[PDB]
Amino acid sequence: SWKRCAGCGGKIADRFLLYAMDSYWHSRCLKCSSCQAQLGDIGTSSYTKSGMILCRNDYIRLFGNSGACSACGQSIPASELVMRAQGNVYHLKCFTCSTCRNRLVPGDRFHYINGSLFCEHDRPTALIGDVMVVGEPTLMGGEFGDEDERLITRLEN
């Protein structure tokens, strides 16, 4: 007999179907609670949390570690790339020299004194010393564990 779909309760007569969260699904019936994406096509897994079944992007958005920019004070979503210095995170466009206002980018030399960033050519001698190298941007949310991840298997009926 046909398997029943956990999404709609109907028999699955489709040639291709999904298995996830130890249920069978018509692919169209396995959708992100937030954005309605068809999980079996967009990616390889779903995330279960707080009664929802989510795509990776909405799992990150709703449950990932957001932060805040040390320069402007405003929130930074878990999905956003940030610059780092001295244990702080920054919007890319907030990561600027305090003297000349140039945006600092990976590989640039810079100084940091009490929260103020300075480019290589604006060494604040009067205030002063250590030269730092700007790292590549990284995701605000960083790495996260797979405890809520549930792989999707694409099957032929």
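One-based numbering along the sequence shown.
A chain break between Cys100 and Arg101 is not present, all residues of the deposited sequence in that interval being modelled.
Looking at 40-48 and 103-111 together, the entry lists the larger mean B-factor for 103-111, computed on C-alpha atoms.
Two stretches are in play, 16-24 and 130-138, and the higher mean C-alpha B-factor belongs to 130-138. Ranking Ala68, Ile60, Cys29, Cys32 by Cα temperature factor from the entry places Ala68 first.
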